[PDB]
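Chains B, D, C and A, in that order, are what the protein sequence lines are.
The entry's author numbering applies: residue 1 is where the first sequence begins, and numbers increase by one.
The entry's author numbering applies: residue 1 is where the second sequence begins, and numbers increase by one.
The entry's author numbering applies: residue 1 is where the third sequence begins, and numbers increase by one.
The entry's author numbering applies: residue 1 is where the fourth sequence begins, and numbers increase by one.
Each residue gets a CB set at the ideal place from its N, CA and C atoms; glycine is no exception.
This report concerns only the one structure given below.
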Amino acid sequence: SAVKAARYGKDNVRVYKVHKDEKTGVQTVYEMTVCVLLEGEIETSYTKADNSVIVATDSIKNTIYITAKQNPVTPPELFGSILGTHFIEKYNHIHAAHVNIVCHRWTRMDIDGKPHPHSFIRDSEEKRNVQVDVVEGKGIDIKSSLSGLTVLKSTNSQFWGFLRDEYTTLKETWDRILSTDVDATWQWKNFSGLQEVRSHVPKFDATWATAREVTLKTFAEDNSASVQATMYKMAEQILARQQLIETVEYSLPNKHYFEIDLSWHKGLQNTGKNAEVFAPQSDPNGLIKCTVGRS
Amino acid sequence: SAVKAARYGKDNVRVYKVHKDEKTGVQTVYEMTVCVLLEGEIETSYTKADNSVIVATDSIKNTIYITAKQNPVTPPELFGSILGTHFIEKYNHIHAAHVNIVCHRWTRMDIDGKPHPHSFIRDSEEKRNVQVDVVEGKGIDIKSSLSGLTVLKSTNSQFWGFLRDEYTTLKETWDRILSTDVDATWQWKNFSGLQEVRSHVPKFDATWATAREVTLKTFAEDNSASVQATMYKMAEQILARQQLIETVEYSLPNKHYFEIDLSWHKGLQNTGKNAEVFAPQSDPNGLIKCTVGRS
Amino acid sequence: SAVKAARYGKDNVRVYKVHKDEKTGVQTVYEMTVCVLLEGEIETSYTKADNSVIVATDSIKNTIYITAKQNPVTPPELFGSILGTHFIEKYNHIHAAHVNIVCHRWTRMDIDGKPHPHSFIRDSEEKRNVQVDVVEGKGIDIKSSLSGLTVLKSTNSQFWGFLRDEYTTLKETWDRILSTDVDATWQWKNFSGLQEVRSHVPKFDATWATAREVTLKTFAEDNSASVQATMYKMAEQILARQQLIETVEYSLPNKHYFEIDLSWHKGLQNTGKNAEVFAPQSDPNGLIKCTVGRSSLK
Amino acid sequence: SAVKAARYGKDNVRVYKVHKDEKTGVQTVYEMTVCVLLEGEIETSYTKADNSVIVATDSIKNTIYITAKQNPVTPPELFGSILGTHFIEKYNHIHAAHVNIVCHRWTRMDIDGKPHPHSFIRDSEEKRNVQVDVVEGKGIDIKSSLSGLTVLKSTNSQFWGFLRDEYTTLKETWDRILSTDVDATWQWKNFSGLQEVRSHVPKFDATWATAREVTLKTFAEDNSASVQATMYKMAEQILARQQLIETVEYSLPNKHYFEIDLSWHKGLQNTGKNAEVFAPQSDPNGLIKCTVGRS
Ligand SMILES: O=c1cc[nH]c(=O)[nH]1
Ligand SMILES: O=c1cc[nH]c(=O)[nH]1
Ligand SMILES: O=c1cc[nH]c(=O)[nH]1
Ligand SMILES: O=c1cc[nH]c(=O)[nH]1
């Protein structure tokens with residue numbers, strides 16, 4: 001037998017960093033959960049229980065704390081680059097570092113219409129993430145994304161014209177509720193190394209912002225009979241607005257809301273045009289995915 | 001042996017209701033999870049396996065759907081009252097109904113600066129709930145509350161002057177991070193029945209909005225060395241701003257952020273006045289509670 | 001305005017303790033989650049921001065570790081009592097201590113038929129808990145319980161003869177699936193103090209064992225048309241087997257498994273006597289509760 | 001822009017199936033959660049909102065129920081294969097089917113030392129899963145696995161001899177607690193079609209059983225100072241005991257238990273040789289992985 005693959009590292013490293021502006025007195029907070037996995041000439045730890053080739057996970061944790069102390073933790077795309085680069089550069093037997101960052105929301109509070117200098121609210125469970133893969137002599141690969149975005153539109157969504165056979169029972173419809181969680185990932189073009197990445201820093205937040213906006217607006221405005229069709233529209237726009245992205249990927253799990261027939265009770269009318277009360281379903285759920293790249 | 005207590009019913013009934021303005025076109029959505037537990041002359045179902053006295057849990061379900069169909073589901077306090085009352089009135093052997101209602105956020109989206117007619121976002125996992133106890137001959141007891149509000153303030157909190165003994169290792173502090181989930185409950189004065197409730201409808205949404213604003217503002221503005229002191233101030237204002245409320249209750253589960261000493265590494269300074277990076281702690285956590293009523 | 005109530009403390013204190021037997025070389029582990037909430041003359045922390053009356057939550061933490069270090073952590077009823085007692089005894093202004101303990105399963109592993117000296121497996125998400133209320137000059141009240149016990153029986157469960165009216169659509173049945181989580185609490189007769197508690201130590205593990213056995217066996221054996229009727233039988237037996245218990249309380253959340261009509265497809269028969277494939281329902285669910293105590297009759 | 005990749009389907013389909021022995025009276029249950037994702041000539045749904053190429057997710061759900069009704073649902077490897085094969089055979093435009101199945105434990109109850117005919121207990125949150133890829137012309141790829149197996153050994157584990165630099169603070173140790181959730185997967189050698197699979201049916205349950213036993217035994221018995229080392233030994237034995245397996249893959253998320261220094265209190269001894277009470281850490285946690293194959 002032989003080791004075909006191997007990674008090890010620290011997961012769920014919660015980090016919090018505050019930024020204070022001495023002048024204005026305004027404080028800004030950043031809180032993420034970090035995961036670093038190393039790859040390299042570490043087989044013998046597996047085959048001959050050799051720990052000499054092992055950088056302790058505990059130390060990988062220390063390293064995350066120290067790196068965050070001495071560098072900007074935002075955008076996450078930068079921080080992940082800086083961090084993964086450190087691993088390949090400081091150790092001769094480490095050849096690849098895979099950094100995953102999840103950024104949690106700490107929205108500044110508006111008290112009396114003015115933004116509070118140092119008070120935040122977790123205004124949603126939505127997350128902004130990055131998966132940075134820094135490989136030796138192969139550059140830096142960055143996948144950015146947003147996840148945990150939950151939306152619903154009460155109308156302006158239909159589903160008809162789908163295949164029908166002896167397994168079909170679903171009725172066609174020209175008005176329905178559409179609710180989903182959005183998971184949207186945009187892959188950047190390979191970067192040669194840290195410098196190239198620093199050069200593009202402003203593109204990061206911008207693109208995130210753009211991707212969010214596009215998703216929300218398109219979801220709201222599109223009156224479609226295809227979730228597939230809608231996602232694709234989203235993709236296109238993102239690709240159009242940022243040349244440095246190679247692919248865009250969308251995963252939408254479709255949360256269903258069923259009509260409740262109440263006719264059996266005093267001929268109560270609650271379906272079709274009369275539907276008012278529905279039963280949200282916890283499961284199962286449709287799942288639609290797609291990766292869209294350039295022609 | 002004897003039955004000293006007994007309740008049964010249906011839990012986790014998910015309900016969705018839409019409101020359509022034919023004129024303006026604007027739609028509005030309401031989603032909530034409902035639990036209804038009944039009390040009455042049911043012993044015999046326990047003692048002699050007699051099902052005759054049992055209104056099925058499935059029918060309690062149907063009832064919820066039917067009630068929602070034919071009544072306003074907002075405010076929650078009203079809906080809970082209508083629902084509870086239904087049970088004690090329609091059944092001779094049923095003498096108490098306990099209705100729990102958890103309301104989920106479906107905040108209308110702003111596209112391009114304008115509120116969208118029919119598109120919503122789950123803009124937070126915070127919930128607005130109500131526990132409504134409808135007891136025969138005793139009227140209607142309503143507990144209203146907000147939960148799942150998570151907040152953080154990077155400074156303007158201290159802790160010092162606490163009891164010190166042989167079990168004490170905590171160091172006193174004049175600048176610390178304060179984060180907590182907020183669970184706030186205000187109890188209304190007993191209502192005589194459905195009509196007295198209906199008469200007060202406007203106070204419900206109004207009080208909720210007050211309770212929340214007071215909480216947010218006081219948290220942000222108070223620079224205290226007592227979370228206890230802060231919670232108390234919150235209570236006072238709420239009781240002050242609304243005569244019909246008998247008690248206000250707060251439960252704050254603290255979330256600790258620890259300082260990380262990095263001095264062992266190149267004498268890096270990251271504590272006291274230099275603290276920048278902190279370690280968010282998943283557990284354990286402080287838990288402070290208190291019920292405040294009128295003098 | 002005035003403070004009508006007030007409790008503060010530390011929640012979610014995770015604790016693990018190992019016991020070694022130097023002779024046999026066998027090792028035993030205990031892991032629980034602990035919450036301690038204090039009550040007393042502390043109003044001033046709320047009204048006048050006075051921290052002098054506050055034992056810091058961090059110190060409540062240290063105290064749990066230290067107590068765990070110098071005392072048995074089992075049974076949890078004992079530990080909780082020792083722990084609660086400590087707070088009222090060491091502070092003059094603290095009059096009540098409420099300790100909640102959740103015990104986690106770390107079941108010894110059987111390797112090649114033989115119990116392993118030091119290896120364990122989390123063989124289930126069922127918990128054994130205790131709620132211990134130590135109030136000054138009012139003794140020690142103990143509520144013991146098991147939770148997170150999930151069971152299912154594929155048959156020998158019915159539901160018919162229930163009230164029918166204009167809200168009813170449920171069809172009567174003589175064979176159905178019964179699945180539930182079991183939450184069972186037995187409340188002990190008040191104890192004067194730590195001594196009384198120590199004197200009854202053996203009763204603890206035994207009653208827990210009994211409660212669990214009675215629940216499983218009754219559930220399995222009872223062919224009922226009432227979950228209520230089944231819970232009630234369980235209560236009785238527990239009460240019968242232990243005189244020091246004042247009340248038994250059961251809370252069973254009923255998880256439903258629907259029948260799936262497939263007749264629309266090639267006249268497929270999957271209902272009634274031919275039901276084989278069901279759709280388990282995540283929600284909603286029935287919830288049945290009841291507290292049973294001892295009769296005043298003779 | 002162009003559609004580089006696209007799948008869609010039904011997630012979280014809970015299915016329950018009972019087996020009744022008319023002779024013995026003994027019943028047996030099976031509960032699993034199923035996900036089916038289809039791949040094929042479906043681009044147009046994305047690009048031209050064409051639903052004619054879309055087999056409704058609902059119908060995929062109906063199919064799962066139907067298939068379960070007319071086929072064995074055990075071993076999952078088989079069911080998955082039958083299920084995925086159905087999709088590529090019945091639809092001309094569908095060329096891939098990806099079926100995921102999670103199996104929940106419903107262990108038979110021992111009442112008075114005798115196995116009960118129809119009573120079960122969820123005796124663990126440990127799962128047995130399968131991922132079955134059915135690609136037209138490419139055969140059937142099956143990954144089998146066990147997950148959610150949590151274990152802890154109080155002693156007979158050390159960690160010393162690992163790399164030490166300026167980022168290191170971890171002390172070496174000759175006795176330490178070792179706890180971890182185990183996620184173990186074994187990949188089968190490609191099968192040509194449903195028949196080849198049918199022909200190996202018995203190997204499925206047998207290998208699952210072996211994989212489990214090997215993992216428990218090795219974990220218990222191995223006195224190592226390398227989790228990497230231990231994992232490896234587990235994989236070797238699994239490969240050794242079953243020729244049809246191509247690779248075995250372990251993911252071990254290490255759960256830490258810290259020592260608690262209590263010396264500051266009346267010189268209490270609770271470290272090193274005297275360690276009795278420990279603080280289990282919720283996070284962060286080490287994570288070791290590795291894929292082992294044949295030399
Ligand atoms: O009691 C306590 C303990 C810690 N921090 C507070 O604000 N109060
Ligand atoms: O009341 C009820 C209703 C359904 N099923 C039960 O066991 N009890
Ligand atoms: O394929 C499908 C099925 C259901 N609903 C959609 O939007 N797409
Ligand atoms: O690197 C490490 C650290 C802790 N435990 C392991 O198995 N490996």
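Of the candidates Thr-44/C, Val-292/C, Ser-59/C and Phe-120/C, the residue whose Cα lies closest to the Cα of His-93/C is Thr-44/C. Residue-level contact by beta carbon holds for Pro-280/C and chain A, with a gap shorter than 8 Å. In the structure shown, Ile-245/B falls within a strand segment according to DSSP collapsed to helix, strand and coil. With 7 Å as the limit between CB and the heavy atoms of ligand 2, the residues that fall short of it are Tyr-8/D, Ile-54/D, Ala-56/D, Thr-57/D, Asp-58/D, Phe-159/C, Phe-162/C, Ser-226/C, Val-227/C, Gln-228/C, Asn-254/C, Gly-286/C and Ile-288/C.
In the DSSP annotation of this structure, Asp-141/A is not part of any alpha helix (DSSP H); the continuous beta strand (DSSP E) holding it starts and ends at 139-153. Rounded to whole angstroms, the separation of the alpha carbons of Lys-20/C and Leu-194/B is 53 Å. For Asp-11/B, a Cβ of chain A is located within less than 8 Å of the residue's own Cβ. Counting only residues of its own chain and dropping the five nearest sequence neighbours on each side, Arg-212/B has a CB closer than 8 Å to the CB of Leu-146 and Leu-149. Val-73/B and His-200/B have their C-alpha atoms roughly 15 Å apart.
Within the segment 5-44 of chain A, not a single complete alpha helix (DSSP H) segment reaches 4 residues in length. Pairing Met-231/A with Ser-1/B, the inter-Cα distance amounts to about 13 Å.
Under the three-state reduction of DSSP, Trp-208/A is assigned to helix. Proximity of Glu-236/B to chain A, defined by a Cβ-Cβ separation below 8 Å, is satisfied. Around the CB of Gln-243/C, fewer than 16 other CB atoms lie within 10 Å, so the residue is classed as exposed. A distance of 8 Å or more separates the beta carbons of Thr-28/C and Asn-12/C.
Taking the CA atoms as reference points, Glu-136/C sits about 34 Å from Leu-252/C. Assignment of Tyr-91/B by DSSP, reduced to helix, strand and coil, places it in the coil class. Beta-bridge annotation (DSSP): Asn-100/A is paired with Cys-35/A and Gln-131/A. Within the model, the alpha-carbon separation for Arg-128/D versus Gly-84/D is close to 18 Å.
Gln-187/D is bridged by DSSP to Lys-143/D and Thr-247/D. In the pairwise beta carbon analysis, the segment 234-248 of chain B is classified as not touching the segment 152-161 of chain B: fewer than three pairs are separated by under 8 Å.
If you compare the alpha carbons of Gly-286/A, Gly-272/A and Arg-7/A with that of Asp-133/A, the shortest gap goes to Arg-7/A. At a cut-off of 8 Å between beta carbons, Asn-254/A makes no contact with chain C. Of the residues assessed, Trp-106/D falls on the buried side of the cut-off, its CB having 16 or more other CB atoms within 10 angstroms. Three or more Cβ pairs closer than 8 Å define a contact, and the segment 170-186 of chain C falls short of that threshold against the segment 111-123 of chain C. Taken through DSSP and simplified to helix, strand or coil, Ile-121/A comes out as strand.
If the five residues before and after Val-151/B are omitted, its C-beta is found closer than 7 Å to the C-beta atoms of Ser-179, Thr-180, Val-182 and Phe-219, all from its own chain and listed in chain order.
Around the C-beta of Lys-171/D, fewer than 16 other C-beta atoms lie within 10 Å, and the residue is accordingly described as exposed.
The segment 203-217 of chain C and the segment 271-284 of chain C do not touch, with fewer than 3 CB-CB distances between them shorter than 8 Å. Using a Cβ-Cβ cut-off of 7 Å, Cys-290/C is close to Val-3, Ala-5, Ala-6 and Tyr-46 of chain D, given in chain order. Within its own chain, the residues whose Cβ lies closer than 6 Å to the Cβ of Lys-189/D, once the five positions on either side in sequence are excluded, are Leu-244 and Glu-246, listed in chain order.
In the same chain as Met-109/A, and ignoring 5 residues on each side of it, the C-beta atoms closer than 7 Å to its own belong to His-116, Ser-119, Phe-120 and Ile-121, in chain order. Under the Cβ distance rule, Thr-169/D counts among the residues neighbouring chain A, one pair being separated by less than 8 Å. Interface with chain A (8 Å Cβ-Cβ cutoff): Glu-31/D is excluded. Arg-294/A sits exposed, since fewer than 16 C-beta atoms from the chains shown fall within 10 Å of its C-beta. In this structure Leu-297/C is exposed. Its beta-carbon is surrounded by fewer than 16 other beta-carbon atoms within 10 angstroms.
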